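Inspection log for the structure reproduced underneath, given as structure tokens.
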Amino acid sequence: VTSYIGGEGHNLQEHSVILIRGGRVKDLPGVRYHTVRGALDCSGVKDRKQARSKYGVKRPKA
Amino acid sequence: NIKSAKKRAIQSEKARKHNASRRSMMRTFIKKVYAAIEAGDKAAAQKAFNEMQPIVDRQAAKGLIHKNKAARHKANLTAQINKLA
Amino acid sequence: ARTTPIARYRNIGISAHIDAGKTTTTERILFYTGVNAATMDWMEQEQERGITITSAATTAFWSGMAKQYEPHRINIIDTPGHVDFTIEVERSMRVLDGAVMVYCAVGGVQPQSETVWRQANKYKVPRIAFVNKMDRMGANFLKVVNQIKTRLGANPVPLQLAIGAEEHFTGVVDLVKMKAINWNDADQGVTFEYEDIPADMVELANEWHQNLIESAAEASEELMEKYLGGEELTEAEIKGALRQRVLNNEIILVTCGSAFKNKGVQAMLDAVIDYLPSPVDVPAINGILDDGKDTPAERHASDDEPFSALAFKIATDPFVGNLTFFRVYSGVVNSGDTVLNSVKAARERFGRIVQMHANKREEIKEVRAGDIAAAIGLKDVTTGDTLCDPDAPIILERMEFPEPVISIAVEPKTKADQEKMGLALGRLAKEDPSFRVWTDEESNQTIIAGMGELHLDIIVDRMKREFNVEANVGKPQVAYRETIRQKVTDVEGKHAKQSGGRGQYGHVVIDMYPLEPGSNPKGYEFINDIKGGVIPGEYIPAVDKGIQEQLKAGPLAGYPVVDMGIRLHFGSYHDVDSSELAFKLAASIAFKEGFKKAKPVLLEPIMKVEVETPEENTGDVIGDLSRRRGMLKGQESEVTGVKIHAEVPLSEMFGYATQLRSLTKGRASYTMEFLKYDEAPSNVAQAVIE
Amino acid sequence: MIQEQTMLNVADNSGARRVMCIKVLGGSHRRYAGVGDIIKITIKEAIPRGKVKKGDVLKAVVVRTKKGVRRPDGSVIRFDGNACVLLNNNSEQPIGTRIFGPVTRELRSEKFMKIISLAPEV
RNA sequence: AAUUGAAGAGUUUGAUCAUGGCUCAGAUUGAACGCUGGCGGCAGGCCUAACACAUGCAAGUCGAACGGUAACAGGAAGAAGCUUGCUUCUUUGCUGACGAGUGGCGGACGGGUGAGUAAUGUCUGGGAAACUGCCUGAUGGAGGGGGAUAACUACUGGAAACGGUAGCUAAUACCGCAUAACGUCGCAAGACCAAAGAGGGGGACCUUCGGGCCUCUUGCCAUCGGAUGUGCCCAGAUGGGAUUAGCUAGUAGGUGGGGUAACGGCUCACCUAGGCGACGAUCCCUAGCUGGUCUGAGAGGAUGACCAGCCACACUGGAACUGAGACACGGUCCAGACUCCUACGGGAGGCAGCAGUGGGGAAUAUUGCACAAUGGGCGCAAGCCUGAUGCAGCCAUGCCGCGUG
RNA sequence: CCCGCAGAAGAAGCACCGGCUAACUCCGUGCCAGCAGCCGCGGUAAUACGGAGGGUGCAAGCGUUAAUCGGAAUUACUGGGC
Ligand SMILES: Nc1nc2c(ncn2[C@@H]2O[C@H](COP(=O)(O)OP(=O)(O)CP(=O)(O)O)[C@@H](O)[C@H]2O)c(=O)[nH]1
Ligand SMILES: [Mg+2]
Ligand SMILES: [Mg+2]
Ligand SMILES: [Mg+2]
Ligand SMILES: [Mg+2]
Ligand SMILES: [Mg+2]
Ligand SMILES: [Mg+2]
Ligand SMILES: [Mg+2]
Ligand SMILES: [Mg+2]
Ligand SMILES: [Mg+2]
Ligand SMILES: [Mg+2]
Ligand SMILES: [Mg+2]
Ligand SMILES: [Mg+2]
Ligand SMILES: [Mg+2]
Ligand SMILES: [Mg+2]
Ligand SMILES: [Mg+2]
Ligand SMILES: [Mg+2]
Ligand SMILES: [Mg+2]
Ligand SMILES: [Mg+2]
């Protein structure tokens, strides 16, 4: 299946092992799932600060 | 199998061989009676029935045949030994 | 609970060049120590090929061959010879305390002896020495001893002398206790009768290298002051003397013997307890605190310190799961104590514990400092991690990761297996940090990398055996590029779509010209040298986009276009019909025809290449760099080797390691990274046709 | 006496069932294989699971021939049918893991030990 | 007092009303993942592969059934080094006790799993032809004989698993004989059926001085009850499919034989030609059922983890033997797939018991402590066994508390 | 479980703030980068993207996903239509 990769930027290439989420993209007919950032071989969104729980970004060092 | 109460296996075997042999002859005696009926000999039927009655009863007691079976044999053997004989 | 012997601990690892007996010699121990033998190459592959592939740890108890000693507890690690698996020595020398460097009575030092030497020095690990195979033709004890001096720039001290050589090798001379030790016929070892020196060697025997005793002297001057004063030193004070200096690695005792004839291995064990450290004869560990800063973690070699250990070597046994070998430097762990992986910021809970115990995975509930063992069931503990006390967190030194020298691309033979090939290569990675895997950002093929041809071989072989993924292998692909060579004068693009719908018409005239490698990010230059207003500046962004599109994979053979510049000069529009799209196509068309006439060429990538080689063969190495279609650029003569500098193409460096080795007897690092793109020679170019 | 063509039964798992000899290896013009010789093989039958599949090309060890075997003294052993143990193409060495039906003493080879260790007879 | 509670919103249009789907607020979860994470209480924790399994444990127990001595201990049908009432050696099973063996009872409980089973089961309500260990009420019996055999001893084969010949021995093991009704067959007259001893103590009388003998406590046999358990029968309910319409030879009934604890085509021979199905037979697909769980105002819809009842299964197919009870989860036999041991001739094993590994997966835990308690097996008891159970360890998985002032 | 000891000492995250929906501004961005359960935001003054300040809701959890019923009278016996 074809699946969305949300957030600004990603690693993710031909052999990346990912975790697929479920949840459509109503601009992309046929794309009915998201790829869960920060899970397995997908990195979180670099430099993001808000809503970090989505996009798999860890708290930046208190 | 590594559970030493597998002596039960060697034990109940002695049992099977014992049971087998006793259970064998009480059958061959019941047979003798049916044979007489087929041969038609009223005398040997009632004779052979007399010989088999103690066997059937004793074994039932010893717990090899059980009670109601014992009954059923001498029951309908009788029925027949004096149905034409 | 209680413990028992402690501080009578001998953490020693045997390592040497290939053959040598560095394993045979190890099995011999387990026989001698195990009086009253679990082959040390117990991998299937490492039996098939007859070579140590993985470091193998066991323990056993030596009371000393004569009964002479209070029982000492010895942790042995038989390491690989070879390179390929050098990682198995970094770890196998970082952690443990002593080292028995074996040498072939016939084969001198030889290249991979030097490498393990450097690894011992890297970690300043004390060491003695055992010249094996004295029974073999061409055996020569003192010759090799001298090579340790000459080739390894170290200070040997013959702690012994060989009774004859090759097939006439009958015994050895303890030249401390000054007796010609005699091992007998049957029972292999054990027995003795400690015979005195024979008339043959009395002359030689009356040396010791008197600078043994003069080497023992140099411990302290007040220890030699009586030596100057001709006072024959007590046997007890010498052993302490040179041991004091073994520990301070200023001296390497040599012992010699022949594992095969059983004539020699035993005397060598004694030399271990005599002259190799306890875990306390040792600098306490260095380290850091967490966030904060340094302080040597210190942690004295003491049972009553806070627990701190390093994880060397990860494995997976099919019945107990993950095995994680560690060396406890300080404190203690009890089965259930939840220690801390400081270098991952997560805690682990110890469970079952196993010590490989000569030939049986014996179980343990407690593991003290100065010992080694493998922890079953630990979840995420890679090689190099520190397991410390959660209240007293510390990072420890962590050895070093050898850095691969070879790469090769692999594909999963059966397209089905492609998923599994992924799983397996991953597993082999966390087991071997000296091994690496990734996916080429361009030409997405799976690329593995290792310390050499053989390394790579048995990895792939290990996939078949353990993960049943067979895959064949090939040369990695190369990312070529495209450019033009001639500035091409005013080329013309035009659209004019009277068809049926949107009017649409764009006309553009431009100059395409090569660049020089300029401004990092671009490699592309668009210039708005448009007239006063032949095309409005609103459409000018578009014409740029149109060219931009054509650069993603140019007309020669796909492959990005680079180092191209473009200048607007002339065009035309309708007052309405023209549009972003219209000029975007016009540009597209303008790019073609212009490119055709511009003398296009295929680029190839070059590397800044740095070869580090001995003086002896800088001739061959240079010539090969040249043979490899290479340009040379410098030489230093940096200390002992000679760094050679060259620009040599990528599609041409494949499998360098393998041959660079052949040309320099194994002694030659090298390194490379990207530098530039240059024209590819024609036969190359026309070959690179997809 | 096996020779090119000739179906053989298989005396192991692996899953071959019926197999055809496509070459008697071991010499130019070598006519027959028998006893405990090696032959190139093409699988003709093959169970559904199995290590091997139909159409594969492997080697195999003649383990029972109907013409049988002699050896010393003058006796004979004859088997009713022809059977073999599939070998991996590179390493010889059974790809199977169990042997079925009796095998003979002649097979007492270094490489064929794994067969007689398995196998319920002679 | 105790099933007393029903909410709407966004979105088709320039706007409107209707129609109608998509969407949202709630509750819930054996959850998972991302970011984050202090404690406690109670509870829950392989939903996928009924996939394959290393290791240890999960079933024994009685010397008050018997011969008995391998080890322990004591005493000694008595003895050194002298450490003369304080030791460590040899004897003697004497006593305590106890390896192996016979014997008895248990191993059919306890625990696991959901594969199979759409009705061979489960549920509800009835029914008649049945057996039922230990526990219990009543009535009497418990006499007198015989042949064996493990262990053992002597030869002897194996690498191991296992044994092989010959001879010897005990009993509550085994078989006759007697005894024989309120038992069984039989209208009756009549025929016929069983069993076992063992311990604690003891006045006399006494004997081969073993104990007879006396007493108390148990156990043995028979018959009829009680209790509990189990088997069998009927009706109704308990999924979807007609893009399954026909189905049926032991088939439906009968008669007579046989058979079971028992009724019965249960089986067999013959005679009848029936029996089932549009109220869905047949054949396909899917599935353990229930108490209950979740939701809902209700009717409904969804569901069958954890607790309790019922059923089924025990590596796969199959079979019986022992027994009150099995066609037996840690029993036997055959066969198959598979794994393991071997000194190559030959052997062995089945975690869906607890813990645990690999594998699969988005995902599910310790190779823990203890029989102290409740309960189960054996035992007169003391006690031994008990991964049932009682606790702890792991995980924010849930619930409820409390803190971080 | 009680009794003593020292000192605030060792202990706060997570989603949201265009309408549905409790919570608004500046900056960056310029149909790009991106958001998005539904409608829909983004082409130079974006409360919708991303950062900040601020706020709102929950709190040792908070979100996202998956799942059953509900709203759905949208299979309507209760309780619908042609
Ligand atoms: N003649 C003789 N041969 C010896 C002696 N010691 C070892 N060998 C032989 O050297 C050979 C290799 O032995 P080995 O232990 O494998 O050396 P190694 O160090 O393990 C090789 P690797 O580097 O791969 O580990 C063996 O054949 C061994 O018998 C010796 O003292 N005399
Ligand atoms: Mg070699
Ligand atoms: Mg080796
Ligand atoms: Mg050599
Ligand atoms: Mg006993
Ligand atoms: Mg009688
Ligand atoms: Mg009848
Ligand atoms: Mg009848
Ligand atoms: Mg099922
Ligand atoms: Mg409804
Ligand atoms: Mg079965
Ligand atoms: Mg029976
Ligand atoms: Mg089992
Ligand atoms: Mg996994
Ligand atoms: Mg609002
Ligand atoms: Mg703005
Ligand atoms: Mg925002
Ligand atoms: Mg409804
Ligand atoms: Mg309607």
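We number each residue from 1, going along the chain as drawn.
Recorded method for this deposit: X-ray crystallography, 2.9 Å.
Placed from the backbone N, Cα and C atoms, the Cβ positions cover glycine too.
Feature annotations, reproduced from Swiss-Prot:
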- C:16-23, C:78-82, C:132-135: GTP binding site (BINDING)
- C:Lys494: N6-acetyllysine (MOD_RES)
- C:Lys633: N6-acetyllysine (MOD_RES)
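Recorded features from Swiss-Prot, shown on the structure.
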residue: C:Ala16; record: GTP binding site; DSSP (3 states): coil
residue: C:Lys22; record: GTP binding site; DSSP (3 states): coil
residue: C:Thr79; record: GTP binding site; DSSP (3 states): coil
residue: C:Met134; record: GTP binding site; DSSP (3 states): coil
residue: C:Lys494; record: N6-acetyllysine; DSSP (3 states): strand
residue: C:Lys633; record: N6-acetyllysine; DSSP (3 states): strand
Hey, which of the binding-site residues C:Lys22, C:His82 is the loneliest by Cβ count within 10 Å?
-> C:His82
Please report how many Å separate the Cα atom of C:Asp19 (GTP binding site) from that of C:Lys633 (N6-acetyllysine), as a whole number.
-> 40
How big is the gap, in Å, between the Cα of C:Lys494 (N6-acetyllysine) and that of C:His82 (GTP binding site), rounded to a whole number?
-> 67
Please determine which of the modified residues listed here (C:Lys494, C:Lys633) has the lowest count of neighbouring CB atoms within 10 Å.
-> C:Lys633
Listed recorded positions adjacent to ligand 14, that is, members of C:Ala16, C:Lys22, C:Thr79, C:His82, C:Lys494, C:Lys633 whose C-beta is under 6 A away = none
Proximal residue to C:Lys633 (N6-acetyllysine) among binding-site residues C:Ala16, C:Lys22, C:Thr79, C:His82, C:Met134 (C-alpha distance) = C:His82
Quick one: which of the recorded positions (C:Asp19, C:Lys22, C:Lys633) have their CB closer than 6 Å to ligand 1?
-> C:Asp19, C:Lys22
